[PDB]
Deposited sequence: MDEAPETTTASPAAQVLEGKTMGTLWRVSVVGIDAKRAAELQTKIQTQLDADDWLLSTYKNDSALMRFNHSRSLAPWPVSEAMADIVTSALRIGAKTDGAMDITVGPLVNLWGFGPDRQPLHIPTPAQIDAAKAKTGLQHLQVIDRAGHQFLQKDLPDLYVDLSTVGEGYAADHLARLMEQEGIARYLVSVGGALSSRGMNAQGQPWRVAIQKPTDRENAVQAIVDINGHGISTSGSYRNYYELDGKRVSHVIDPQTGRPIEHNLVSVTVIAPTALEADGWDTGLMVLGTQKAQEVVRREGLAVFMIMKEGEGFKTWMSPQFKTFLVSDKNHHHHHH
């Protein structure tokens, strides 16, 4: 099994494949990096000349020409936005910028309630549109202020796009990983399905043909005996989320959707997250704070992906 590692999107990517030799794996390293750089140059909020950031810097309310991938990513992210009751909101940009959770200048003082209200007045899923045509795709906003942030959906795409690259290179047996987003196919070098482990206050899943993603870290919470001020923002309040929910793991058809649902479920909190998961029948595992210890919950749909042996 040839393993490859590198850096993309301010984080790490990992690819493992079975079927090719060391020389062919070194050539795959270059092809992977090239594609991930292109995905970075398409979606990054940290690069002013990226395709998204060019759209964000534009004040135009007219249709804004984009690639097929960009249109499909935003479309996918808008749909998750509606299914999470607006919890996962890609227009949360101005709020992200206000608290200084992106590339921009750190706030001199803690944002006032007025500053918070003014910033979320620039947010809204209603304000963004995708227009698909024969040989042309467009993003459209009805508010010049609108600032789109695809951070919670980018790694997921990168992982899924990396899986397709694996396919067109003729490789059927693989594990692809970008950040916390992961996707898998076929058997590893030892004839077993790829081993994705999830930390329990350890469970092993088989997610071949699916995507997995985790938001939050129990491992960090246990070590640091506490939690960062969250970089995940609740669109309803305009403030960082304040929940006892520590970590959320989602198994979905694509890694992009797994990545998107992660944040949405974190925004909703334990009770509302479980309710939407039951209603829409999703594969979700979550860790929450319980006094001085922890409690775990996994949906019936999540249980089906566990490996017994």
Query raised in the report: What's missing from the model if you number the deposited sequence from 1?
Result: 1-13, 215-221, 330-337
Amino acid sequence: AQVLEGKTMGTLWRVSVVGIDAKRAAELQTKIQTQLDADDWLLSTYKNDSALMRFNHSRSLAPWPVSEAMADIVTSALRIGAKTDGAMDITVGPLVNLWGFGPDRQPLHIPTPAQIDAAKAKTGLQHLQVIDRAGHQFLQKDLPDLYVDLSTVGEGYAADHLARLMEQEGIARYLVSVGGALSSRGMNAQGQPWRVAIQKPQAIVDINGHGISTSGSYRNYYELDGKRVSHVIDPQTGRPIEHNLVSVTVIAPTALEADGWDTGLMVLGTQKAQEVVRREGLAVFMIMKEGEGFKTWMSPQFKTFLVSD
From here on, numbers count along this sequence of modelled residues.
Query raised in the report: Per the entry, where is the mean C-alpha temperature factor higher: 43-51 or 273-281?
Result: 273-281
**Report entry** Stretch with the greater mean C-alpha B-factor as recorded in the entry, comparing 148-156 against 103-111
**Finding:** 103-111
Report task. Please work out which residue in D117, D142, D72, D89 has the highest C-alpha B-factor recorded for this crystal structure. Result -> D117
Report summary line: From the entry's CA B-factor values, the highest among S76, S184, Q137, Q202 is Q202
Report summary line: Entry-reported C-alpha B-factor of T254 relative to its chain, by third, is middle
**Report entry** CA B-factor placement of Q236, once the chain's modelled residues are sorted into thirds
**Finding:** highest
Report task. Ordered by C-alpha B-factor within the chain, which third holds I207? Give me lowest, middle or highest, please. Result -> middle
Query raised in the report: By the record's CA B-factor, is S60 among the lowest, middle or highest third of residues in the chain?
Result: lowest
Query raised in the report: What third of its chain, lowest, middle or highest, does the C-alpha temperature factor of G124 fall into?
Result: lowest
